[PDB]
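Positions 2444 to 2795 (the entry's author numbering) are the ones given, in order, by the sequence shown. The structure appears right after this line, and notes come after that.
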Amino acid sequence: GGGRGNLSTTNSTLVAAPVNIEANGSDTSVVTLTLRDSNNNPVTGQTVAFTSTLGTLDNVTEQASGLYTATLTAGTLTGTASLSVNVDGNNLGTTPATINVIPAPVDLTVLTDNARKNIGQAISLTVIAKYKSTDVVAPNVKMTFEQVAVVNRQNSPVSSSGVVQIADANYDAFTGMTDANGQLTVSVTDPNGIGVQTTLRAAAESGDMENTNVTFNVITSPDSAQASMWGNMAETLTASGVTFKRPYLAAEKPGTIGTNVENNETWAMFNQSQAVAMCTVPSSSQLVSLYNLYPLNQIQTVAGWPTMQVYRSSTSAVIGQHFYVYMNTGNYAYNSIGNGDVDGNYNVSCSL
(Lines of atoms letter the chains of each structure in order from A and count residues from 1; the text may use other names and numbers.)
(Lines give C-alpha, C1' and ligand atoms only; values in the text may rest on other atoms or scores of the structure.)
Protein backbone atom coordinates (compact mmCIF):
# COMPACT_ATOMS: atom_id res chain seq x y z
CA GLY A 1 0.00 0.00 0.00
CA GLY A 2 3.10 2.14 -0.22
CA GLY A 3 5.24 3.44 2.62
CA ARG A 4 3.05 6.53 3.00
CA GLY A 5 -0.16 4.48 2.86
CA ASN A 6 -1.58 6.50 -0.04
CA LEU A 7 -1.53 3.69 -2.65
CA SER A 8 -5.07 2.30 -2.94
CA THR A 9 -5.49 -1.37 -3.80
CA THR A 10 -9.14 -0.72 -4.73
CA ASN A 11 -8.67 2.38 -6.92
CA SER A 12 -5.57 0.89 -8.54
CA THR A 13 -6.11 -1.73 -11.22
CA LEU A 14 -3.90 -4.29 -12.96
CA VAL A 15 -5.06 -5.50 -16.37
CA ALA A 16 -3.68 -7.43 -19.32
CA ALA A 17 -4.52 -7.22 -23.01
CA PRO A 18 -5.12 -9.74 -24.48
CA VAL A 19 -6.07 -12.17 -21.68
CA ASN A 20 -5.47 -15.21 -23.92
CA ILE A 21 -2.12 -16.07 -25.53
CA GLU A 22 -0.69 -19.27 -26.97
CA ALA A 23 2.17 -21.19 -25.31
CA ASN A 24 4.45 -20.68 -28.32
CA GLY A 25 7.28 -18.60 -26.84
CA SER A 26 6.29 -15.55 -28.90
CA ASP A 27 2.70 -14.35 -28.27
CA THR A 28 2.61 -11.13 -26.24
CA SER A 29 0.29 -9.24 -23.91
CA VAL A 30 0.49 -5.74 -22.42
CA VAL A 31 0.18 -5.51 -18.64
CA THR A 32 -1.06 -2.11 -17.43
CA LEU A 33 -1.02 -0.86 -13.86
CA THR A 34 -3.20 2.17 -13.18
CA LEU A 35 -1.71 3.39 -9.89
CA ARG A 36 -4.11 5.49 -7.82
CA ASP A 37 -4.22 6.87 -4.30
CA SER A 38 -7.15 6.77 -1.88
CA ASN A 39 -8.60 9.90 -3.54
CA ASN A 40 -8.24 8.30 -7.01
CA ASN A 41 -5.43 10.68 -7.98
CA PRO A 42 -2.71 9.21 -10.24
CA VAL A 43 0.58 8.39 -8.51
CA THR A 44 3.46 9.30 -10.83
CA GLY A 45 7.19 8.66 -10.83
CA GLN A 46 7.04 5.33 -9.00
CA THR A 47 9.31 2.27 -9.18
CA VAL A 48 6.94 -0.48 -10.35
CA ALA A 49 7.72 -4.14 -10.99
CA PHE A 50 5.52 -6.97 -12.28
CA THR A 51 5.78 -10.72 -11.80
CA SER A 52 4.11 -13.54 -13.73
CA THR A 53 3.88 -17.27 -13.01
CA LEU A 54 4.27 -18.04 -16.73
CA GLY A 55 6.27 -16.40 -19.49
CA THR A 56 8.70 -13.51 -19.25
CA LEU A 57 8.33 -9.74 -18.83
CA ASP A 58 10.40 -6.87 -20.20
CA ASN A 59 11.10 -3.68 -18.23
CA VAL A 60 8.28 -1.57 -16.79
CA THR A 61 7.94 1.99 -18.11
CA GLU A 62 5.69 4.85 -17.05
CA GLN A 63 3.24 6.68 -19.31
CA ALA A 64 0.97 9.61 -18.56
CA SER A 65 -1.57 9.66 -15.73
CA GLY A 66 0.15 7.13 -13.49
CA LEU A 67 0.00 4.22 -15.93
CA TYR A 68 2.82 1.66 -15.90
CA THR A 69 3.17 -0.98 -18.60
CA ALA A 70 5.27 -3.98 -19.57
CA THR A 71 5.10 -6.63 -22.28
CA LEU A 72 4.64 -10.25 -21.26
CA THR A 73 5.86 -12.88 -23.72
CA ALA A 74 4.46 -16.39 -23.51
CA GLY A 75 6.66 -19.29 -22.56
CA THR A 76 6.00 -22.81 -23.79
CA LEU A 77 3.99 -24.04 -20.76
CA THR A 78 0.20 -23.90 -20.77
CA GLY A 79 -1.72 -22.73 -17.73
CA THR A 80 -2.93 -19.53 -16.10
CA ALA A 81 -0.41 -16.71 -15.71
CA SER A 82 -1.08 -14.93 -12.42
CA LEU A 83 0.30 -11.38 -12.40
CA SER A 84 1.44 -9.48 -9.31
CA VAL A 85 2.76 -5.96 -8.78
CA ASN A 86 5.08 -4.34 -6.25
CA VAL A 87 6.18 -0.74 -5.72
CA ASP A 88 9.60 -0.02 -4.20
CA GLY A 89 9.84 -3.77 -3.61
CA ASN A 90 6.62 -3.92 -1.53
CA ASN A 91 3.61 -5.87 -2.77
CA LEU A 92 0.63 -3.82 -3.93
CA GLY A 93 -2.36 -5.96 -3.06
CA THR A 94 -4.50 -5.10 -6.04
CA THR A 95 -6.62 -7.84 -7.60
CA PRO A 96 -4.32 -10.05 -9.72
CA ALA A 97 -4.85 -10.00 -13.45
CA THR A 98 -4.66 -13.33 -15.23
CA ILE A 99 -3.80 -14.47 -18.73
CA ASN A 100 -4.85 -17.84 -20.12
CA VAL A 101 -1.80 -19.41 -21.75
CA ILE A 102 -3.53 -21.87 -24.05
CA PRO A 103 -2.03 -24.73 -26.10
CA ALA A 104 -0.01 -23.91 -29.17
CA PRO A 105 -1.49 -25.18 -32.45
CA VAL A 106 0.94 -27.78 -33.78
CA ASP A 107 1.42 -30.28 -36.59
CA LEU A 108 2.48 -33.73 -35.41
CA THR A 109 4.70 -36.19 -37.23
CA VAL A 110 4.87 -39.77 -35.90
CA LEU A 111 7.81 -42.05 -36.75
CA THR A 112 8.44 -45.65 -35.75
CA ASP A 113 11.84 -47.30 -36.12
CA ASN A 114 10.04 -50.31 -37.61
CA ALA A 115 6.26 -50.54 -37.75
CA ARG A 116 6.13 -54.34 -37.37
CA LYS A 117 8.05 -56.41 -34.83
CA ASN A 118 7.52 -59.56 -32.78
CA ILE A 119 5.83 -59.80 -29.41
CA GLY A 120 8.64 -59.34 -26.89
CA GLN A 121 10.38 -56.64 -28.93
CA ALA A 122 9.81 -52.90 -28.47
CA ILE A 123 8.98 -50.39 -31.20
CA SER A 124 10.51 -46.94 -30.82
CA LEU A 125 7.81 -44.34 -31.50
CA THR A 126 8.74 -40.67 -31.92
CA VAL A 127 6.30 -37.74 -32.00
CA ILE A 128 7.67 -34.53 -33.52
CA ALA A 129 5.67 -31.34 -32.87
CA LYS A 130 6.12 -28.15 -34.87
CA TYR A 131 4.14 -24.95 -34.60
CA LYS A 132 1.31 -25.26 -37.07
CA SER A 133 2.30 -24.71 -40.72
CA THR A 134 5.94 -23.97 -39.79
CA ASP A 135 9.20 -25.87 -39.40
CA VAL A 136 9.79 -24.50 -35.88
CA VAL A 137 9.92 -27.23 -33.23
CA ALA A 138 7.50 -26.93 -30.32
CA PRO A 139 8.99 -27.89 -26.93
CA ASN A 140 7.06 -28.78 -23.79
CA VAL A 141 3.90 -29.83 -25.66
CA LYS A 142 1.82 -32.20 -23.53
CA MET A 143 1.07 -35.49 -25.30
CA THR A 144 -1.27 -38.45 -24.81
CA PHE A 145 -1.79 -41.71 -26.70
CA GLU A 146 -5.00 -43.53 -27.61
CA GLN A 147 -5.67 -46.86 -29.29
CA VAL A 148 -8.13 -46.07 -32.10
CA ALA A 149 -8.15 -49.31 -34.15
CA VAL A 150 -7.15 -52.98 -33.81
CA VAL A 151 -7.32 -55.42 -36.74
CA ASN A 152 -5.92 -58.80 -37.72
CA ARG A 153 -4.09 -59.44 -41.01
CA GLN A 154 -7.38 -59.70 -42.97
CA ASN A 155 -8.79 -56.31 -41.88
CA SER A 156 -11.11 -57.86 -39.31
CA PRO A 157 -11.60 -55.88 -36.06
CA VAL A 158 -10.18 -57.55 -32.95
CA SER A 159 -11.49 -56.76 -29.47
CA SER A 160 -9.82 -59.61 -27.54
CA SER A 161 -6.13 -58.67 -27.77
CA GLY A 162 -4.15 -57.27 -24.86
CA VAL A 163 -3.66 -53.58 -24.11
CA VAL A 164 -0.66 -52.10 -25.92
CA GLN A 165 1.99 -50.82 -23.52
CA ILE A 166 3.88 -47.52 -23.55
CA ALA A 167 6.80 -47.26 -21.12
CA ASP A 168 5.73 -50.62 -19.62
CA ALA A 169 2.24 -49.37 -18.69
CA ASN A 170 -1.13 -49.22 -20.41
CA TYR A 171 -1.15 -46.61 -23.18
CA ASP A 172 -3.91 -44.59 -21.48
CA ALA A 173 -1.72 -44.04 -18.41
CA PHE A 174 1.00 -42.24 -20.37
CA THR A 175 1.71 -38.56 -19.84
CA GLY A 176 4.70 -36.70 -21.21
CA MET A 177 5.96 -33.68 -23.11
CA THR A 178 8.05 -32.95 -26.17
CA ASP A 179 11.68 -32.06 -25.46
CA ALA A 180 13.80 -29.06 -26.49
CA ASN A 181 13.79 -30.39 -30.08
CA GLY A 182 10.02 -30.85 -30.14
CA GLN A 183 10.37 -34.64 -29.93
CA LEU A 184 8.87 -37.28 -27.63
CA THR A 185 10.18 -40.84 -27.99
CA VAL A 186 8.54 -43.76 -26.18
CA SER A 187 8.93 -47.54 -26.06
CA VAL A 188 5.92 -49.53 -27.30
CA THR A 189 5.34 -53.20 -26.45
CA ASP A 190 2.47 -55.69 -26.77
CA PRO A 191 3.24 -58.44 -24.22
CA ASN A 192 -0.41 -59.60 -24.17
CA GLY A 193 -1.01 -59.26 -27.91
CA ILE A 194 -2.55 -61.99 -30.05
CA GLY A 195 -1.09 -60.83 -33.39
CA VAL A 196 -2.74 -57.54 -34.26
CA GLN A 197 -2.03 -54.20 -35.92
CA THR A 198 -2.87 -51.40 -33.48
CA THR A 199 -3.46 -47.82 -34.56
CA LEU A 200 -2.09 -45.46 -31.91
CA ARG A 201 -3.17 -41.81 -32.01
CA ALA A 202 -0.86 -39.16 -30.58
CA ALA A 203 -2.79 -36.11 -29.34
CA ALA A 204 -1.23 -32.81 -28.30
CA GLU A 205 -2.94 -30.69 -25.66
CA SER A 206 -4.11 -28.42 -28.50
CA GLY A 207 -6.22 -31.25 -29.93
CA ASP A 208 -3.90 -31.67 -32.91
CA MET A 209 -3.39 -35.38 -33.61
CA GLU A 210 -1.66 -37.89 -35.85
CA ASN A 211 -1.89 -41.69 -36.18
CA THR A 212 0.60 -44.49 -36.67
CA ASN A 213 0.27 -48.27 -36.87
CA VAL A 214 2.23 -50.76 -34.77
CA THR A 215 2.09 -54.51 -35.34
CA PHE A 216 3.40 -57.16 -32.94
CA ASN A 217 3.63 -60.66 -34.37
CA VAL A 218 2.31 -63.64 -32.41
CA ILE A 219 4.44 -66.77 -32.54
CA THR A 220 1.48 -69.08 -33.23
CA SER A 221 0.62 -67.60 -36.64
CA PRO A 222 2.69 -68.03 -39.81
CA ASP A 223 4.15 -64.98 -41.56
CA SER A 224 1.89 -65.39 -44.58
CA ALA A 225 -0.38 -62.88 -46.29
CA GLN A 226 -3.04 -65.64 -46.06
CA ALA A 227 -2.81 -65.94 -42.27
CA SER A 228 -5.59 -64.53 -40.09
CA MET A 229 -3.26 -62.92 -37.54
CA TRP A 230 0.11 -61.20 -37.79
CA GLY A 231 2.69 -63.86 -36.91
CA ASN A 232 6.32 -65.00 -36.98
CA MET A 233 5.98 -68.77 -36.64
CA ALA A 234 9.15 -70.73 -37.38
CA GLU A 235 9.11 -71.69 -41.05
CA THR A 236 11.43 -74.64 -40.37
CA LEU A 237 13.13 -76.21 -37.36
CA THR A 238 16.28 -78.34 -37.33
CA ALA A 239 17.33 -81.15 -35.01
CA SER A 240 20.62 -82.98 -35.58
CA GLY A 241 20.73 -82.70 -39.35
CA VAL A 242 16.98 -83.20 -39.92
CA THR A 243 14.91 -80.19 -41.02
CA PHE A 244 11.16 -79.97 -40.39
CA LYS A 245 8.66 -77.64 -42.11
CA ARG A 246 5.87 -75.89 -40.25
CA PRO A 247 2.38 -77.26 -40.95
CA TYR A 248 0.41 -75.80 -43.84
CA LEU A 249 -2.51 -73.43 -43.55
CA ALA A 250 -5.70 -74.74 -45.11
CA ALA A 251 -5.48 -71.75 -47.47
CA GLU A 252 -2.03 -73.04 -48.55
CA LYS A 253 -3.35 -76.55 -49.38
CA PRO A 254 -6.89 -76.10 -50.73
CA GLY A 255 -6.99 -79.64 -52.11
CA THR A 256 -7.29 -81.42 -48.75
CA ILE A 257 -10.53 -81.95 -46.84
CA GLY A 258 -9.22 -82.24 -43.29
CA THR A 259 -9.00 -79.01 -41.30
CA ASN A 260 -8.19 -77.93 -37.75
CA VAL A 261 -8.83 -74.52 -36.18
CA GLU A 262 -6.12 -73.81 -33.63
CA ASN A 263 -4.47 -70.63 -32.32
CA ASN A 264 -6.76 -68.43 -34.45
CA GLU A 265 -5.65 -70.11 -37.69
CA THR A 266 -7.18 -72.83 -39.88
CA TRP A 267 -4.78 -75.66 -40.65
CA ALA A 268 -4.73 -78.31 -43.35
CA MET A 269 -4.88 -81.89 -42.05
CA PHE A 270 -4.03 -85.17 -43.74
CA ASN A 271 -4.38 -88.92 -43.58
CA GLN A 272 -1.34 -91.10 -44.16
CA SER A 273 -1.70 -91.53 -47.93
CA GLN A 274 -2.22 -87.79 -48.47
CA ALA A 275 0.85 -86.96 -46.39
CA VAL A 276 3.26 -89.28 -48.20
CA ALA A 277 1.93 -88.10 -51.56
CA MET A 278 2.69 -84.50 -50.51
CA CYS A 279 6.20 -84.79 -49.05
CA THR A 280 8.67 -86.93 -47.14
CA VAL A 281 7.20 -87.65 -43.70
CA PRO A 282 9.81 -87.77 -40.90
CA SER A 283 10.28 -90.88 -38.82
CA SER A 284 8.76 -90.99 -35.35
CA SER A 285 12.20 -90.92 -33.71
CA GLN A 286 13.08 -87.83 -35.78
CA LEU A 287 9.94 -86.07 -34.54
CA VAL A 288 10.73 -87.08 -30.96
CA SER A 289 14.24 -85.65 -31.33
CA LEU A 290 12.67 -82.34 -32.40
CA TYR A 291 10.38 -82.48 -29.35
CA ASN A 292 13.44 -83.01 -27.14
CA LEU A 293 14.93 -79.78 -28.50
CA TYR A 294 11.73 -77.84 -27.64
CA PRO A 295 10.10 -79.91 -24.87
CA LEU A 296 7.14 -79.27 -22.56
CA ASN A 297 5.03 -77.81 -25.41
CA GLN A 298 7.77 -75.39 -26.45
CA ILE A 299 7.06 -76.61 -29.98
CA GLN A 300 4.14 -74.20 -29.48
CA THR A 301 5.46 -71.61 -27.02
CA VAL A 302 8.90 -71.13 -28.66
CA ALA A 303 8.35 -71.97 -32.34
CA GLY A 304 4.59 -71.39 -32.54
CA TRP A 305 3.58 -74.70 -34.15
CA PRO A 306 0.07 -75.97 -33.23
CA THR A 307 0.36 -78.98 -30.93
CA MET A 308 -3.19 -79.94 -29.87
CA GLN A 309 -3.30 -82.55 -32.67
CA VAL A 310 -0.73 -85.21 -33.43
CA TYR A 311 1.87 -85.15 -36.21
CA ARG A 312 2.19 -88.02 -38.68
CA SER A 313 5.35 -90.10 -38.99
CA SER A 314 6.62 -92.55 -41.60
CA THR A 315 7.43 -95.28 -39.05
CA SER A 316 5.20 -98.35 -39.37
CA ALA A 317 3.72 -99.57 -36.08
CA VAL A 318 1.54 -102.48 -37.21
CA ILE A 319 0.22 -103.57 -40.59
CA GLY A 320 -1.71 -100.60 -41.96
CA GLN A 321 -0.93 -98.15 -39.13
CA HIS A 322 1.93 -95.68 -38.71
CA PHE A 323 2.97 -94.01 -35.48
CA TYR A 324 1.92 -90.42 -34.86
CA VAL A 325 3.62 -88.12 -32.35
CA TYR A 326 2.20 -85.71 -29.76
CA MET A 327 4.56 -82.78 -30.26
CA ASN A 328 3.42 -81.22 -26.97
CA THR A 329 4.72 -84.15 -24.87
CA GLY A 330 6.86 -86.41 -27.11
CA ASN A 331 4.47 -89.34 -26.74
CA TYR A 332 3.79 -91.49 -29.80
CA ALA A 333 1.16 -94.08 -30.64
CA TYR A 334 -1.08 -95.61 -33.30
CA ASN A 335 -4.79 -96.41 -33.52
CA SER A 336 -6.00 -99.66 -35.10
CA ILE A 337 -9.55 -99.36 -33.75
CA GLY A 338 -10.14 -96.00 -35.44
CA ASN A 339 -8.02 -96.89 -38.48
CA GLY A 340 -5.80 -93.86 -37.87
CA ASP A 341 -3.92 -94.09 -41.17
CA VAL A 342 -7.10 -93.70 -43.23
CA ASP A 343 -9.64 -91.80 -41.11
CA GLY A 344 -7.22 -89.69 -39.04
CA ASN A 345 -6.80 -86.07 -40.15
CA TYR A 346 -3.52 -85.15 -38.48
CA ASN A 347 -0.76 -82.59 -38.81
CA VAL A 348 2.09 -83.05 -41.27
CA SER A 349 5.53 -81.53 -40.78
CA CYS A 350 7.46 -82.29 -43.95
CA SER A 351 11.08 -83.43 -43.82
CA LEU A 352 13.20 -81.16 -46.01
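For each residue, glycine too, the CB sits at the ideal point set by N, CA and C.
Length of the line joining the Cα atoms of residue i and residue j
{"i": "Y2754", "j": "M2586", "result": "51 Å"}
{"i": "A2460", "j": "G2536", "result": "20 Å"}
{"i": "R2479", "j": "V2473", "result": "19 Å"}
{"i": "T2496", "j": "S2525", "result": "6 Å"}
{"i": "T2512", "j": "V2486", "result": "14 Å"}
{"i": "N2482", "j": "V2530", "result": "18 Å"}
{"i": "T2723", "j": "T2750", "result": "20 Å"}
{"i": "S2671", "j": "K2560", "result": "17 Å"}
{"i": "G2773", "j": "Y2734", "result": "6 Å"}
{"i": "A2466", "j": "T2490", "result": "29 Å"}
{"i": "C2793", "j": "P2725", "result": "7 Å"}
{"i": "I2700", "j": "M2721", "result": "14 Å"}
{"i": "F2713", "j": "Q2729", "result": "19 Å"}
Identity of the residue in the options nearest residue i by Cα
{"i": "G2636", "options": "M2652, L2643, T2658", "result": "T2658"}
{"i": "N2543", "options": "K2560, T2552, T2523", "result": "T2523"}
{"i": "residue 2799", "options": "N2714, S2664, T2679", "result": "Limits of the chain in this structure are 2444 at one end and 2795 at the other, which puts residue 2799 out of reach."}
{"i": "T2477", "options": "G2498, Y2789, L2510, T2494", "result": "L2510"}
{"i": "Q2608", "options": "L2627, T2632, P2725, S2599", "result": "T2632"}
{"i": "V2553", "options": "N2624, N2706, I2571, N2454", "result": "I2571"}
{"i": "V2719", "options": "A2668, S2759, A2746, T2514", "result": "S2759"}
{"i": "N2740", "options": "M2770, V2462, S2732", "result": "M2770"}
{"i": "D2578", "options": "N2598, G2625, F2617, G2563", "result": "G2625"}
Sheet register partners of residue i (DSSP bridge)
{"i": "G2701", "result": "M2712"}
{"i": "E2465", "result": "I2545"}
{"i": "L2627", "result": "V2570"}
{"i": "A2558", "result": "Beta-bridge pairing links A2558 to no other residue."}
{"i": "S2495", "result": "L2526"}
{"i": "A2647", "result": "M2586"}
{"i": "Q2743", "result": "For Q2743, which the question treats as bridged, DSSP gives no partner whatsoever."}
{"i": "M2652", "result": "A2646"}
{"i": "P2485", "result": "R2479"}
{"i": "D2550", "result": "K2573"}
Same chain, Cβ closer than 6 Å to residue i, neighbours up to 5 away in sequence not counted
{"i": "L2736", "result": "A2682"}
{"i": "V2761", "result": "none"}
Residues near residue i in its chain [Cβ-Cβ closer than 8 Å; skip 5 each side]
{"i": "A2558", "result": "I2566, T2655, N2656, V2657, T2658"}
{"i": "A2668", "result": "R2596"}
Integer Cβ distance of residue i from residue j, believed to fall under 8 Å
{"i": "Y2775", "j": "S2727", "result": "5 Å"}
{"i": "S2527", "j": "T2494", "result": "5 Å"}
{"i": "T2514", "j": "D2501", "result": "5 Å"}
Cβ neighbours of residue i in the same chain (closer than 7 Å, five flanking residues each side left out)
{"i": "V2704", "result": "none"}
{"i": "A2645", "result": "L2551, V2553, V2570, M2586, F2588, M2652, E2653"}
{"i": "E2648", "result": "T2521, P2546, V2584, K2585"}
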